[PDB]
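A.B. asks: Show me the folded form of this:
(one chain, ligands or ions: 1)
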Amino acid sequence: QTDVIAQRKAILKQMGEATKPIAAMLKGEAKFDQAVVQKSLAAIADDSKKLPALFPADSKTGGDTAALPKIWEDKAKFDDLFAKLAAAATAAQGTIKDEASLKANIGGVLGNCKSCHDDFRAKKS
Ligand code: HEM
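C.D. replies: Numbering: from 1, shown residues only. I have put the structure below:
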């Protein structure tokens, strides 16, 4: 075993950082950059494939984790959500060509973050 919780929180933090450039663009605070968008989408898709291996049943009582017990009661659903994110991100990479398509396609990707957090992450801090 190892400190899997530190592992996952780090990768998940990277996903949040990855969405920043995109949110800046939506908020009109940054000029649309296709290279930056694709870089963030690729990062998100790659991390989504690494995360399914980082949620072992013995990592629910750390004291510094926001992962809810339900993850282990609905593990098939939880894993698939990461799969849905990866698939959505990879698809987005191919459909997002300009600012108009970013605004139009980014929701399907980012909607996954909320879907999981609603059921599997503790509201707090
Ligand atoms: C999707 C684009 C997405 C983002 C963005 C995202 C971010 C995120 C952050 C920033 C955290 C906190 C990490 C930290 O402590 O620094 C976090 C935490 C959890 N998430 Fe999330 N998340 C995104 C997607 C998903 C998906 C698709 C799921 C589940 C299928 C998911 C789950 C979780 C869980 C659970 C945590 C808590 C981790 C822990 O404390 O052990 N996220 N997310």
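A.B. asks: Neighbours of residue 3, how many?
C.D. replies: 10 (other CB atoms under 10 Å). No exception for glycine: its C-beta is placed from N, CA and C like everyone else's.
A.B. asks: quick one: it and residue 78, what's the gap?
C.D. replies: 20 Å (CB to CB, to the nearest Å).
A.B. asks: can you check residue 8 too?
C.D. replies: Taking CB to CB as the measure, residue 8 falls 12 Å from residue 78.
A.B. asks: what residues do these two have in common as contacts?
C.D. replies: Common contact partners of residue 8 and residue 78 (CB atoms under 8 Å, 6 or more residues apart in numbering): residue 55.
A.B. asks: Residue 78 against residue 71, yeah?
C.D. replies: Yes: checked against CB atoms under 8 Å, the pair residue 78 and residue 71 is within contact range at 5.0 Å.
A.B. asks: what touches both of these two?
C.D. replies: Common neighbours of residue 78 and residue 71, counting by CB under 8 Å, 6+ apart, are 55, 120.
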